[PDB]
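Below: the structure, in structure tokens.
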Amino acid sequence: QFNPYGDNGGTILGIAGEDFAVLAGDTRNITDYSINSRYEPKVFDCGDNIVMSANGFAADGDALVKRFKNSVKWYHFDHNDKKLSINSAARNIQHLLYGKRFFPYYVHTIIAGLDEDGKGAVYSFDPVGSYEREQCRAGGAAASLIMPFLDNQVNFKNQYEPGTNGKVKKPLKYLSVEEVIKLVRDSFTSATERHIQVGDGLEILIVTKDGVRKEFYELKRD
Amino acid sequence: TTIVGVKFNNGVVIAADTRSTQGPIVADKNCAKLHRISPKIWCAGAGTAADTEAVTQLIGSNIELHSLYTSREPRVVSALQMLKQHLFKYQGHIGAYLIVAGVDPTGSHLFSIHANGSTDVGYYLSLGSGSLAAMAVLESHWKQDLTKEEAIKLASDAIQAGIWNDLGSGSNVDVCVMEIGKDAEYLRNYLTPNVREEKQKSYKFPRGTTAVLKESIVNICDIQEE
Amino acid sequence: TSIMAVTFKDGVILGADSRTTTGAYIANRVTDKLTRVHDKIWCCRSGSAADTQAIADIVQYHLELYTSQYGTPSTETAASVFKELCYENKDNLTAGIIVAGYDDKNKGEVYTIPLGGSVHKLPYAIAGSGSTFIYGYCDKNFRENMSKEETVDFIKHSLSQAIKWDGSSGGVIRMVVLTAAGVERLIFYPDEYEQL
Amino acid sequence: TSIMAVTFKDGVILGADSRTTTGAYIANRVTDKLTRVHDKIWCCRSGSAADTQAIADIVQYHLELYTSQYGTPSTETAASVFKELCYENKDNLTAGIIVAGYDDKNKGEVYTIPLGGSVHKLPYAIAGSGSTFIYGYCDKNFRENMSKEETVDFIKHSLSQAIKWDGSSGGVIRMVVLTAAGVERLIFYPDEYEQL
Amino acid sequence: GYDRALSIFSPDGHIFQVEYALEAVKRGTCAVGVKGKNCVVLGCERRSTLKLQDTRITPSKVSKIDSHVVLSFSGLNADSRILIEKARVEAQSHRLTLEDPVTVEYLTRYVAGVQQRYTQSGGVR
Amino acid sequence: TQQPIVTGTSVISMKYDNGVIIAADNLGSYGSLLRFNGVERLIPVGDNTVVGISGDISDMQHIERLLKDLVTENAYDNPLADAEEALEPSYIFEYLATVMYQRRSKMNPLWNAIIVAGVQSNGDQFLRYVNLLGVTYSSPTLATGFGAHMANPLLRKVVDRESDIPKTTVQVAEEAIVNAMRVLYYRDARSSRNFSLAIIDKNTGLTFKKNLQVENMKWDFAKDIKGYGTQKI
Amino acid sequence: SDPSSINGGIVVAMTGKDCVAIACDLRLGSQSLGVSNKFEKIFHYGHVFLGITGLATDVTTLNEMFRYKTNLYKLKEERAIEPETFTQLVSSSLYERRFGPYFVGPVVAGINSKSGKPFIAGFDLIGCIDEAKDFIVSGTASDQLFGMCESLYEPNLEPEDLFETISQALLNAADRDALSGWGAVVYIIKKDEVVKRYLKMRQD
Amino acid sequence: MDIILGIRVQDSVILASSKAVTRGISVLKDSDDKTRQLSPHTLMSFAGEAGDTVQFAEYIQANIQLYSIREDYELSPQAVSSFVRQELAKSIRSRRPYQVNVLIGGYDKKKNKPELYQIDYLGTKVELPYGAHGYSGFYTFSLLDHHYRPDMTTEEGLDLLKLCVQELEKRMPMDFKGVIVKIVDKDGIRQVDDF
Amino acid sequence: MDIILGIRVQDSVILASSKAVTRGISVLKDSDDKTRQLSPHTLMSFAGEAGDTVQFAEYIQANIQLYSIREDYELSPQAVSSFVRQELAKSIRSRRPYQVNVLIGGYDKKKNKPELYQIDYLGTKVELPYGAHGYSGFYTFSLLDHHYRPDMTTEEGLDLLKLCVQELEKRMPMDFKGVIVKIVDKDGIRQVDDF
Amino acid sequence: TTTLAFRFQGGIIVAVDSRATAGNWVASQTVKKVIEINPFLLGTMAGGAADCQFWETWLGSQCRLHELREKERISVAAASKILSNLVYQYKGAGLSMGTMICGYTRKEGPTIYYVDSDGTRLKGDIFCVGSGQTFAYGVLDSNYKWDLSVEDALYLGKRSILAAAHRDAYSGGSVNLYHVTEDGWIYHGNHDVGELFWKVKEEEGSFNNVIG
Ligand SMILES: [Mg+2]
Ligand SMILES: [Mg+2]
Ligand SMILES: [Mg+2]
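Chains as they are written, first to last, in full-length UniProt numbering: chain A, 20 to 241; chain B, 30 to 255; chain C, 20 to 215; chain D, 20 to 215; chain E, 3 to 127; chain F, 34 to 266; chain G, 2 to 205; chain H, 1 to 195; chain I, 1 to 195; chain J, 76 to 287.
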């Protein structure tokens, strides 16, 4: 019997800062125990200061990103070159996903950018289109390895101020872009050590008011 | 798992990677897959890790008793025969896939063993999920009359192929060289090409960070005098 | 597997390819499928490698113990021991074995034991996945009382075709000659038999 | 089924057994498996009898309509029409067809269309359950540019062996010769081909 | 297993091992039973050759088989424990299957049956 | 939904300093039966692209007809059909990738794995993969089926990352490809000795080599191998 | 249906400078239903500590079994069992049930009383030994624990620093697992003093 | 069978068990007592597969009664619960396991403390202030989590138990025909005949 | 849903229907009215699969109300029951059939006779003196076979109905939370608010 | 998941937890399970997250079109029936929903409809849906009165979710409160269950089984 779905592995991570946002993902593509590619880009600049990744079954992932990029193009045509805001992009992606409710895109989607007040924004989707604005979200193979670490080091969960013994929480002070990138790199370095599908390389796309910048870092290739 | 065995001039060499997995998760990053059956008979195991360790120790134990009974140094063919008959009886349910190598008064030997009891003979062999990557290297560079240095090089290169290309294999290369008329030399972590880079940040917490309800001394000592 | 045994004027010759397979991966390209259970009683193995190795080891043990008590066993006796193991354990075994041997009284004999555990004495026998493709060729080309050179050619040509069409078969062609003169091993490489 | 088609110096000859089977019962022992889709384009049928009859009837219709508009079709064209039906309806068909024909420009040609619906132009082709047993024999005995008498002997001997080993095959050996001279039907009975 | 016939007939029709078992009973401390109109009393002798005994913990001569039946004995002390244990197990088995405690006659008939069995079974005294 | 009937095995490929190389054997299997021995599985499109196909042969022949029709269609009303508006490797791949994903989405796939190799207008090397599921990816080396497990490890020792491509000559690359084909013949039960090889270079164009054979094979060591454990004779 | 995730729970162990630490959650459940918040999963036989995750009936059974065996060991050997030796006994005992196994994930922690060397080890349900230098994890949130330990851990931590590291590793892992939590315990083990600390955590 | 509840208060343990027995289509009985007295100060309630429940309970009862006679001593509730756990842990890897869940309510005369043990058919034991088996806990535990105090009287425990049964009678689809309630304290075991 | 009963007496038809709605584990409601008025002198009760029951009932109601307006005339109970049967007989060979069983109680103003029709989801129609769907008949029919008379008053019918419900509450495993009872006679439809 | 809604003197209280799971893995602790259909109507999320999100914001669009066409606020009866009729069309295809459509209009007063993906549409006073529904029902049934104050009703809803969050493994994170009046709904904050549990334990004296 023919199985229309597959699993290409991969892990992605989106974090929203005060006036910035990052969307990171490893560059390794796999099936079963084989490596297809050590560098296959997974996070994409979609225009209008929006970055996107659809992790899971790569054929469905490429199809969805392609259709959204297309949706941005036609939004400009139909609405006098108006900039597609991150919230509007999110609602649009829901309709793209739910359109195939009974034969779903087998992917976990994350987009990142800035909201209309200039503040950092990340949105997260399930395969059939349910979505949420979030501060911090990992997706894919090693998501379960990364999220607990982020709860602890970004949101300071289970951390209290010394001397008070549980009475006063550690205050949630804002993180710089340099600080976030440090946590992203350590998240993927740790995931690479313990998950077989994570490795080869890490590509990070940073979004500010100035535009979209890229950073690349090597990961272990075993 | 990637394991290989290579014959050379005056002996035989076996090698293995050091990754053990639970599905897609790496359980141990520096696992020891080279097992000793007797001082100069070593084997490497793939498949169910407990089975390869258990079947090695059972036969290794019985081999030692046999050696004492007969006043002779153990033979590789004895280890092979005892391993295959044990595995055949359990009809494949004991998931042990082994490459058995060693030196004895008869000479140097290299065999492999599938979990259902089938054995084969060869000058170069590979087993495990990375066996195809390893065998590709072996089929490209193997020749007759290899030296000790050449065989160690070829064996580790075959494991590296598994490390880099097979997701089931990784970390380090372990080697064991068994030469005729010499002690077997076990080279643990012969290659270390996968050290983790320094982290960007220290995650040492301030003391008093964790909330505590109760503290108490645990009595690990026995009942006291007086 | 492509295996066969052929009786001729001076005795019998066994032939085999050298491929062992787990799926499409060739787990061993230089396998020895011609197995010795007694000095001049050998067999060809097909089916599960575990099963046929286990059976052959037990038969070798049985014939070694027979020899110590009653002297050299006949080829018929060796075939019977194979049959007993294959018939009584038919539910749990996947083995197709050809038994070939040389007596001085009976000369060359061939017995084939298929899956069920039945015995069939024949002038020659073919077995293994590759044998299907050479039933026509072998039936047309076999003659009784051939010479050693003719029999080697018959087996070489037959297994060449079996290898050509069966993906499960390949590598070198191994042969073992059983006569009054003794036991001779032969090997033929791809560059030789592919151009036939 | 044991069917084959062989090109030779003067054209092409098609051959077939005459056995149709529903299980172990021979539902027809005198079947005609050599089918005419055009004057000098015939085919050999194997697989489901319903399917291959339905396909052949449609092809005959297509080539009759082709002829009325564009003149005599090539053998390649006939093979393409067979392929189109076999490929596009692969999910619902069980058909293995060999197409053979004679042009004056192209002379004798043979195309084989296996289960998937692929096309393969060959000097000769074999198909049906009985073909497995004669891959070795046919590969060793086929030569290009044989005479009519040699080709008849090659097909007679080949299908004789296929019938001998395949229970699904049997009865008479039918043949159809396609040359510039015309169309000749041949039949060979058991008492003739069994003693070969 | 050890199968030797230890209890056998003699020419005069006696089984000596059974008769010698009675001699062991003759040696044991005296036990007495008396039934009144609405009670039964069991009396037992304690030999005073053993002082410095701890009477709290020393095995008592009368044993409850159930809450309503008791057993006393004369003879080998170690042997009596085996009969007492078997009787206690049977008492609970009877309650479990019949849903009624044993009658005194039934419990007696069981213990007596065990004793008889050990007079014509191989390998036992 | 179907099952593949007549099938083709591995296709292998890699990049080098001035272009790309691709190879595949000439066998059409019918299960374990090695039925058809003269099947060409590398199909050139123009003078800048070669498409290598594995899997179902009937579906391969269909794809071959689609590519033939694509060349015809591109030439229609196109004065620059042999110049600026010729078919690029990237155009041919994207078209195939579209078809493969559409067919899997109707639950009626073309049961193949495909590698498109070529050189673009600006001289850039093109090498990308697509299969029955519509999955696509690029890498300095690419291989299908068994080739993925055995050829890639060998080819990756020559070009391990992007920066190794300018340091790799056409002689070194072809040598590596030919050796990989030999290894596959040793170890894949559905492979043949006969194969085809194609080189697409930005300077010397398309070189298509037919009727190549696996040579320099090691078999002599087989004579010393006896029994399966204890047998000496 | 899956025996290893009916009841839920986790265990983690770590090494430091002249010390070891072992910790566990306190939950026992019947799938979605929380049943007990006082089900401790760490036991000790002399100075050797054993944590066990998995099917709770087997957790209790194995504790009783190893208490049985280490008590007979001590009577015959006239000394307390060491971590290295006990590790082999756990492995042997699990493998004897190869084809009808206890559905558990044991973890051993302790300091050798003669060499002073810190020791930890882990097992699968059938006996395979994982002897890591750094840390061992087990239970229904083992993935989460691997992620925490891999980033938070550094070698040669002092006892009071190691406490903070292992505590944060457990807590944050448990909060990402539905079947773990409802309290937690941490053991800090030195050559001749052991401190036990109950942690304050969310109760959902 | 269906619903079995338990609550440990200051000085006693209270067990409540449903009265219905259902053979598929019909309710065959509405007065069934799903409990056995193991010893004068230890009571066990049970629920699970038909037949196995009573067979297991009576088997345990027989064994504890045998121990009591042999030693002339009542085992502690903790000791009885451990014996029961081992029997079920043995049973789960048998040819045909006992499909029986139990609650053991006992008053320890040595420590002068009430004790409640919950054990399922796998041999999973926990000591609790209050417990249940099946779906009973899903309806009742939120009420017990709110109102329970360790220093409650027996009368306050019965009132909290009534609130639990009322919630069961409201939201459960099955008619379990009320409950039989029994109290275990220093004076032994007694049945509340009006509930 | 669960229990629906009907009885035709001298001068009226009485329909009784349970109040419970259960969604698997919990009883979500205990006051549900499983009936729809099709016309002033025709009432239909219903039971079957969730959602389909109300969807079908309201669909029938809409159609009969449409007929009433178009012709300014009330269809006879016989005519309404035939329309309903045809809809269900059509439904049973559809892509997704209505899984709904109904009772139709009506008073024919032309013949001055009460009439009760029983129709299952297949479209199986029978006119009866008394009827039920599901397991309801298994418990109640032996009582109705004994006590029923064609000349019974409405009050006698209600009393015989009470005896039927009491037997259901005794022997049925499910708690159906009582019944809503409605009477159909020459004056129309009314609900008995104390039962 | 645990979601509830109940009618009382002062309108409707809606209370939900915040947890989303994929097997044993906790995907999110910050899920919004109350869908703001419009300023006057609320819907709860249970079963399929996408099915509930998608079709209840769609419902908001249909409600907006109704009031544009009819120049009048849509009734809760009409709004709930648009959703139930829509999901009934999809019956068999595999939609997963269990929701409470909540509103307060002039003609109806406070109204709650339970709507189900198998077509069920029930009007009622108290509804509770999810894996922790049974726990929340217990607290609701024993403390509910029509004459509750807005302050006490808000707490009762908060306390009932806490009860479920404690016992049900698949419920937790935080509690979201809403109060629905005739003039629209009012949001009453996000309450972390971790902090809320300890606060309620101390102030109420409940959860004596838990050490704090
Ligand atoms: Mg690797
Ligand atoms: Mg025949
Ligand atoms: Mg919870």
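Here a beta-carbon is modelled for each residue, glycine too, at the ideal position from N, C-alpha and C.
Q166 (chain I): member of the alpha helix (DSSP H) spanning 154-171, first to last residue. For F152 (chain D), the number of other beta carbons within 10 angstroms of its own is at least 16, and it is reported as buried. Distances from the CB of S246 (chain J) to the heavy atoms of ligand 3 include at least one below 7 Å. For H241 (chain J), the Cβ falls inside the 7 Å cut-off from some heavy atom of ligand 3. Assignment of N74 (chain A) by DSSP, reduced to helix, strand and coil, places it in the strand class. The continuous alpha helix (DSSP H) containing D172 (chain D) extends over residues 167-184. Boundaries for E194 (chain G): no alpha helix (DSSP H) harbours it, while the beta strand (DSSP E) harbouring it runs 194-200, taken from the DSSP string.
Residue I:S17 holds the alpha-carbon nearest to the alpha-carbon of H133 (chain I) among I:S17, I:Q10, I:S12, I:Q61. In this structure, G186 (chain D) has its beta carbon less than 7 Å from a heavy atom of ligand 2.
Residues of the segment 118-140 of chain B whose Cβ lies closer than 9 Å to any Cβ of chain F, in chain order: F140. Proximity to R74 (chain F) across F:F228, F:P186, F:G156 peaks at F:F228, based on C-alpha coordinates. When secondary structure is reduced to three states using DSSP, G52 (chain B) falls in the coil class, being assigned neither helix nor strand.
Set against 7 Å, the gap from the CB of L196 (chain B) to the closest heavy atom of ligand 1 is smaller. Around the beta-carbon of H57 (chain D), 16 or more other beta-carbon atoms lie within 10 Å, marking it buried.
Contact annotation: in the segment 133-164 of chain C, residues whose CB is within less than 7 Å of a CB in chain D are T151, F152, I153, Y154, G155, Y156, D158, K159. Residue pairing by DSSP places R8 (chain I) opposite I:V13 in a beta bridge.
Counting along the chain, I129 (chain A) sits inside the beta strand (DSSP E) bounded by residues 126-133. Along the segment 152-209 of chain A, the beta strand (DSSP E) occurs as fully enclosed runs of 3 or more residues at 155-159, listed in sequence order. Membership of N72 (chain G) in the alpha helix (DSSP H) is indicated by the continuous run 57-78. In this structure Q253 (chain B) is exposed. Its beta-carbon is surrounded by fewer than 16 other beta-carbon atoms within 10 angstroms. For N108 (chain D), the closest alpha carbon among the candidates D:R55, D:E168, D:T71, D:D123 is that of D:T71. Between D45 (chain A) and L221 (chain A) a beta carbon distance of about 6 Å is seen, short of the 8 Å cut, so the two are scored as contacting.
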